[PDB]
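The chain below stands alone and is given in structure tokens; this is the form solved without the DNA.
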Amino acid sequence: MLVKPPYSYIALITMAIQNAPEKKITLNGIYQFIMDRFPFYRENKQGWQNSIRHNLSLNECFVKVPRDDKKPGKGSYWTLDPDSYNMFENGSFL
């Protein structure tokens, strides 16, 4: 018998980052984690994969930190962070 995870789609995205060997994980990498942790999704591939991407955009809780554009191939990472866009410098603003 198989049972789906009572975890909501948003919670699954949150758990994947926590159990991700690397805090920065690609969108494609997140799908692989769910397939192994929960095999019920393997029976149904199309449908749930797209919904996760839809949330990974409207929700501002997640922060996208792409690698340098010079390196091709993968170009997207997911991690938990605030609006740390220019927080690189401190003391410049009060």
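The first residue of the sequence shown is number 1, and the count goes up from there.
The next section is about a form of this same protein that is not shown, the form deposited with the DNA bound.
Engineer: Counting heavy atoms only and using a 4.5 Å cut-off, do 14, 18 and 37 all touch the DNA in the bound PDB entry?
Structural biologist: Checking in the bound PDB entry: none of 14, 18 and 37 is within 4.5 Å of the DNA.
Engineer: Going by a heavy atom distance of 4.5 Å, is residue 76 a contact of the DNA in the bound PDB entry?
Structural biologist: Yes.
Engineer: How about residue 42: is it within 4.5 Å of the DNA in the bound PDB entry, going by heavy atoms?
Structural biologist: Judged by the heavy-atom cut-off of 4.5 Å, residue 42 is well away from the DNA in the bound PDB entry.
Engineer: Is residue 92 close enough to the DNA in the bound PDB entry to count, meaning some heavy atom within 4.5 Å?
Structural biologist: Judged by the heavy-atom cut-off of 4.5 Å, residue 92 is well away from the DNA in the bound PDB entry.
Engineer: Spell out, yes or no, whether the shortest heavy atom distance between residue 33 and the DNA in the bound PDB entry is within 4.5 Å.
Structural biologist: No - in the bound PDB entry, heavy atoms of residue 33 and the DNA never come within 4.5 Å of each other.
Engineer: Along 29-52, which positions have a non-hydrogen atom within 4.5 Å of the DNA in the bound PDB entry?
Structural biologist: Result: 31, 47, 50, 51.
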